[PDB]
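Chains as they are written, first to last, in the deposited numbering: chain F, 0 to 459; chain C, 2 to 511; chain W, 2 to 174; chain A, 174 to 342.
Take a look at the structure set out below.
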Amino acid sequence: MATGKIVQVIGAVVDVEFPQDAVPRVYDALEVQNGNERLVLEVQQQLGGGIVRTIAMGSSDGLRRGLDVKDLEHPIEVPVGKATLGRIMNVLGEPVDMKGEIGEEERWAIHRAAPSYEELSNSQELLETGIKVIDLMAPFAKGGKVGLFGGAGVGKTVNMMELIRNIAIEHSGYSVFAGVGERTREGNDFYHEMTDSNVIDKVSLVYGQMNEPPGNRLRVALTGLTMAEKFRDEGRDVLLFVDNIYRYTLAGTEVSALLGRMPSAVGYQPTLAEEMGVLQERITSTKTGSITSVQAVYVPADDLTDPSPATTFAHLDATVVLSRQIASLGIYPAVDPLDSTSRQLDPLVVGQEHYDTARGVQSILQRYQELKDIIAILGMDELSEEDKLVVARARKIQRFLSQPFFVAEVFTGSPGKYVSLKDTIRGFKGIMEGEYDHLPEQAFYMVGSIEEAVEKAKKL
Amino acid sequence: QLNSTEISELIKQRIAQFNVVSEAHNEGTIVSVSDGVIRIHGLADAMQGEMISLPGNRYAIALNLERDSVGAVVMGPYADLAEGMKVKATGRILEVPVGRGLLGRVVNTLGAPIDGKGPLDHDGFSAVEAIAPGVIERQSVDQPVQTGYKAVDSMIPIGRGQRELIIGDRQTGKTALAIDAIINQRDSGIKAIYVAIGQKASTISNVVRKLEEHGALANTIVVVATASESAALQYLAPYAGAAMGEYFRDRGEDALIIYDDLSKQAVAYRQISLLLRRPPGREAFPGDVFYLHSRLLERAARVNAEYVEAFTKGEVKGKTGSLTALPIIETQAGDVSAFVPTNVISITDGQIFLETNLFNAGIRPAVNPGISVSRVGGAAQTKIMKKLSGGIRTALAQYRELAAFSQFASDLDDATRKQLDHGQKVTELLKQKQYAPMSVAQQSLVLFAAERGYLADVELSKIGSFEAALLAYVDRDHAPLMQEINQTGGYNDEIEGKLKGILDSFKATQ
Amino acid sequence: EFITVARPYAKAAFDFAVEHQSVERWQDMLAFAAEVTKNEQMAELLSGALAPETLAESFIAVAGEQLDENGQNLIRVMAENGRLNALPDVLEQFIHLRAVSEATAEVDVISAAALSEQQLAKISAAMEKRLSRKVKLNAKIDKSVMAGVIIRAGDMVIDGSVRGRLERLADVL
Amino acid sequence: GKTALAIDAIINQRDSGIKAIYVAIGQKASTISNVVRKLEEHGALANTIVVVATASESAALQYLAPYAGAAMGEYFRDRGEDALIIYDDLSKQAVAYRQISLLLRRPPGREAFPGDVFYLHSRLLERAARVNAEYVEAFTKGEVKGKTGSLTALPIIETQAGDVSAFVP
Ligand SMILES: Nc1ncnc2c1ncn2[C@@H]1O[C@H](COP(=O)(O)OP(=O)(O)OP(=O)(O)O)[C@@H](O)[C@H]1O
Ligand SMILES: Nc1ncnc2c1ncn2[C@@H]1O[C@H](COP(=O)(O)OP(=O)(O)OP(=O)(O)O)[C@@H](O)[C@H]1O
Ligand SMILES: Nc1ncnc2c1ncn2[C@@H]1O[C@H](COP(=O)(O)OP(=O)(O)O)[C@@H](O)[C@H]1O
Ligand SMILES: [Mg+2]
């Protein structure tokens, strides 16, 4: 039995009046008959006199005043578990693909509290990805947040698919993709490419397109986070992909502007920091399991002081930068080793050997970048015999970082390789310490581990 | 404390009989008129976006449904309206005529013809507000749309169903590029729609005259909302054009729609929102300004054969459909960090930056490479053009850096000298006259000439005459090859050898 | 203050009472409605954010001396906008509009001592021609003025008090 | 290194007879847990009080934190012994007042902070002081004589792009 009635409709903001003893709480879900379809409304504010103010999760057109409203007493609930894998869903957990109903076993509310102080894991642990560049220069911690700063054409989506595959296969976890403000064409392309690469079954996709009202784009991240939290409770390790945190911030700004709250500096919502913390704090390592996040970041004006980047960076544990310049050399993955950083790269976290190897590699590459200016301006003759050695070693290092991905086999025509942390550490330590110096530089390109590099040199 | 529609006679009516609901919900009365926005008392059954009929065969759109009154915007002249006029809520959402008959006609955003050429033959009506096809319905864009400009078609491919933002400062040629892209589709299967928002009527009349002069008007639908028309008409106008374009897309045909000055639509919507007292956001735009442009642009898409088959009830089976949108955004002072420009940049699939400095310089097309980009890229491009354009891309990339060395290039490596005199000649070649679109055969021919080093000995001052002479020569002596290239756009050794023969034979002349 | 918001309700009520020739009953009902508003528990009830209809139906319960068909309609109309506190001002504006309609004006007279009947008669006769309305004088003689008389009608004031002359003379300084 | 310079100080006071307090405002729960583990590792935890307001907790809570810590230190200060208190991200407090303030429709000043933002820190910081023996005797009601209490404070502020000229810094 419907108990409320609509009293105001102003764009996406819908006001509903309930009997004084039945006013729904905040964040609850309502539904109404918008012609021939059910329209879900999310409660935002409880006004005096039983009037509630809600944001419509859909097209608001065609709503009449006085329509009956059914008060679902639980918050927005979405299906979770193994059944979601390989399926495309909207913010409401309805299937967007034509592949029929989801065989749900549970439905979970999207709004839940963060793990308590006593539930957090009692250790810091690295999440070995199997990619040489990432595992060496920007190691992932379990439960850490990772930002992607690369542009377009730099192989971002192939890196995402490779990470999904490696976590699903080499580990025993699952992945979730949250399309916050996705472009529909790009979402279709991503779905088809994941189908071709045969990684679709391993990952669950929830899409909020740009054409949706602001509420859907704002809440769509929470649905993916809830499914990831479901996967974590089973004891696995989970990867959560957020396609643009910046669009999450903008959707929150739009919602707050619609509600008519007072704006904040540079026009953002006054609740910017808390809205960011609510999402980010649920991505942590619990005793049962951990959720790890890779989030694409956008800088509104290349201004790193803007409140959105300033808030985002406070939660990021590592930064991965993709550059088209390295892709011009044919090196893949096109990860910049000089700008990519991780605050796990510390002797007390990764150990002294890893720290020393990474610092050595970075210093060698910086020195090479310095000497390239000398080589260009004055020529190789100026270079001493010690600087020629560092130039050759830097070229060999810069080509060793290449790696063939299992999902990129259609491009290179070579089988993918998985490299453990110790293997790449030992290989780079060897290259720096002067063993393997006699090999041709092309023996390191796209080879894999060093034990495969020596084999490649034997026939190269 | 202030009054909220508490006026003496309504209160007296409520005094007499409180249950005034006994009167039909279908009607109401105007209680306020100001700046084109009216407040209506009654209309208990009104709904968002509903058309409300006014005296004089005018209409208003119900946008604010408040607890005591309905706020509506007049879609026409409003100065003669007065409070106490009766209004009746027609139970219809805003709809416009659609069909093939609209082609060649000039209509306002309501679908009323304004060209003076009589009524419109039309295949029914479609709702102005609509929902874009879902993710599963879309299909990847891999088909070319030829603008007829060497620079655009070479470095910035446009695919059928792509959204390509034309952006630049005032008086940089955005309108010229849009209308020339309209002209080039005259002999292709693509049908064009030109939507004028906030333009002055003389400019639109001149544009229509130029369209009819080159013969493209018969393939174009013109939707006009002049600067003197009600803000609601200007704001709704792009959506009507999209609805007209969606007619072809769903039936399995290709359409190209151009929105002129989306910034003017945003200004009109801001005016409407502020007159309705909705909370302002950054730069006084309403909160959902991004939603406004996003839901409009997402309609431009390519749909798979199964969506077309389902929609047409199986009458069309093997055809996909597409709608290509070319929105126009005007940056005030080269600022792409403004609000509406940032939103439109984030929405679209690519950008064509027109620069005022280059326009002042000799390069009339003024397209700026290195900042313009198409995320669809080579998939939108024909095989021969895709093969050839990489040379241009890399040549300009190299030329950009050497421009600093141009001041004192007398003392340089001869390799650098060659790169510089090649970039300069390519940049000189890319310029093109207005209203003169080049077929794919001619663009491919001149690109082949530039890339294969045949311009190495030609002087920078004479590039244009060389191009014109080559085009006339190939049009005179080798028409079949141009026909085959225009028909297929294929590339192979049998074609490269023929082109080599063409260029060697031409180089003996002129 | 509720002065500005009370005006439409007072005007509507007065026009309705005129069309039904029941002004006196309306004035009594308005006075009663204004008295219940001043009740201490009713004041807290009115301050609370109850729903308009429940607050209205609770207000009608405390009134059994109202003409329900019209008084209940009035109260429900004011309740729907939360204007119930304006009733003491609606009453005053209703009285003012009634006095304007009956072309009758109250006048206050202040003097150092009680006036004779003949002086009162001349004052009333002069004021009736000044205003072109009937007048009703009241005398509120004052301890501070030592001579003269003050005549106040509406807000127009005529001063002949010696206190006024003393202050007006010192002003020439 | 701002947090590190501070926790090091707390560790140094392990044997100096000075009590320590660590107030975490708006910090990630994992970082707070890690800092607590490090404090316990070196044995300073038995001498410190840790007040926690995680990044996800309500803005209201993130204000009585840096004041509750001041009161806990004031206990030792008034008793006549020495304490050290290190508020973390006093900036993350100021962002929280702005939210409670803008939610209350209070007119913002420079940037978007309300004019009261100076009073907020001034009244929190001014409690850190060294008091003469007479005040200690008056407060203790004669129980403690001749000892001066103290409360040292190390507020932490975070600057964008090293801009020391911003409003809050
Ligand atoms: N390729 C070209 N060759 C020569 N002239 C050109 C070319 N392209 C544009 N022009 C000229 O540039 C001028 C501006 O063109 P257009 O009106 O299309 O600019 P715009 O950017 O749309 O301007 P506005 O913002 O004023 O509407 C016109 O005089 C037009 O003829
Ligand atoms: N004396 C030191 N020697 C070497 N490394 C140090 C030293 N002090 C701090 N660091 C390193 O500085 C890095 C950052 O330390 P810390 O987190 O305390 O900085 P912070 O400015 O407080 O960070 P945040 O701003 O995120 O709170 C860590 O790698 C830490 O080990
Ligand atoms: N291992 C690899 N080998 C060769 N090319 C690669 C590899 N990984 C990525 N790429 C390149 O990345 C490009 C596409 O990157 P992608 O992220 O899919 O595009 P976008 O950024 O536009 O979504 C391809 O052209 C491909 O050549
Ligand atoms: Mg123009």
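For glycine and all other residues, C-beta sits at the position ideal for the given N, C-alpha and C.
In this structure C/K151 touches C/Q444 by the C-beta definition: roughly 5 Å separates them, less than 8 Å. Taking a 10 Å sphere around the C-beta of C/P145, we find 16 or more other C-beta atoms and assign the residue as buried. When C-beta distances to chain C are compared with 8 Å, the residues of the stretch 65 to 93 of chain W below that value are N71, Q73, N74, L75, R77, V78, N82, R84, in chain order. Among the bridge pairs identified by DSSP, C/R139 is matched with C/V304.
For C/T176, the Cβ falls inside the 7 Å cut-off from some heavy atom of ligand 4. What C/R15 touches in chain W, judged by beta-carbon distance under 7 Å, is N74, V78, going in chain order. In this structure, C/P328 has its CB at a distance of at least 7 Å from all heavy atoms of ligand 1. For F/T287, the CB contacts under 7 Å within the same chain, skipping 5 residues up- and downstream, are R231, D232, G234 in chain order. If you check the CB distance, C/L104 and C/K192 come in under 8 Å. In terms of Cα proximity to C/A217, the closest of C/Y240, C/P114, C/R187, C/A202 is C/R187.
One Cα belongs to C/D412, the other to C/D458, and the distance between them is close to 20 Å.
Per DSSP, reduced to three states, the secondary structure at F/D422 is helical. Contact note: C/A47 reaches chain F through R63, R64, using a C-beta cutoff of 9 Å and chain order. With a cutoff of 7 Å, C/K434 counts as near ligand 1, since its C-beta is closer than that to a heavy atom of the ligand. Placement of the Cβ of C/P281 at a distance of 7 Å or more from every heavy atom of ligand 3 is found. A contact between stretches requires three or more CB pairs, one per stretch, nearer than 8 Å, and the stretch 86 to 101 of chain C meets this requirement with the stretch 125 to 145 of chain C.
Inter-residue distance for F/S292 and F/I282 is about 7 Å (C-alpha atoms, whole angstroms).
Relative to the Cα of A/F340, the nearest Cα in the group A/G246, A/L276, A/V224, A/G288 belongs to A/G288. In the same chain as C/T321, and ignoring 5 residues on each side of it, the C-beta atoms closer than 8 Å to its own belong to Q140, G253, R303, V304, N305, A306, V309, in chain order. In this structure, F/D70 and F/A21 form a Cβ contact; the two beta carbons are roughly 7 Å apart against a cut-off of 8 Å. Our two residues, F/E124 and F/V145, have alpha carbons roughly 15 Å apart in a direct line. Counting the other CB atoms within 10 Å of its CB gives C/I184 a total of 16 or more, which places it among the buried residues. C/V345 and C/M386 do not touch by the CB rule: their CB atoms are close to 27 Å apart, not below 8 Å. For F/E118, same chain residues with a beta-carbon under 7 Å away, outside a window of 5 residues either side, are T285, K286 in chain order. Contact with chain W is found for C/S9, since one of that chain's Cβ atoms lies less than 8 Å from the residue's Cβ.
Counted as a single uninterrupted DSSP element, the stretch harbouring F/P78 is not any alpha helix (DSSP H) but the beta strand (DSSP E) occupying residues 76 to 79.
Residues of chain F whose Cβ lies closer than 8 Å to the Cβ of C/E214 do not exist, since the nearest Cβ in that chain is about 36 Å away. Taking a contact as a CB-CB distance under 8 Å, the pair C/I222 and C/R106 counts as one, their CB atoms being some 7 Å apart. A distance criterion of 7 Å places the beta-carbon of C/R210 beyond contact range of ligand 1, judged by its closest non-hydrogen atom. With the criterion set as a beta carbon lying under 8 Å from some beta carbon of chain C, the members of the stretch 6 to 23 of chain W are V6, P9, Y10, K12, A13, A14, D16, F17, in sequence order. Across the set C/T176, C/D81, C/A80, the C-alpha of C/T176 shows the shortest separation from the C-alpha of C/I330. W/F3 reaches chain C at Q2, counting residues in chain order whose Cβ is nearer than 9 Å. With a threshold of 16 other beta carbon atoms within 10 Å, F/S327 falls short and is exposed. Comparing C-alpha distances from F/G152 to each of F/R246, F/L257, F/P332, F/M209 shows the shortest one belongs to F/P332.
For W/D109, the secondary structure class from DSSP, reduced to helix, strand or coil, is strand. About 7 Å separates the beta carbon of F/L271 from that of F/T248, a gap short enough to meet the 8 Å contact definition.
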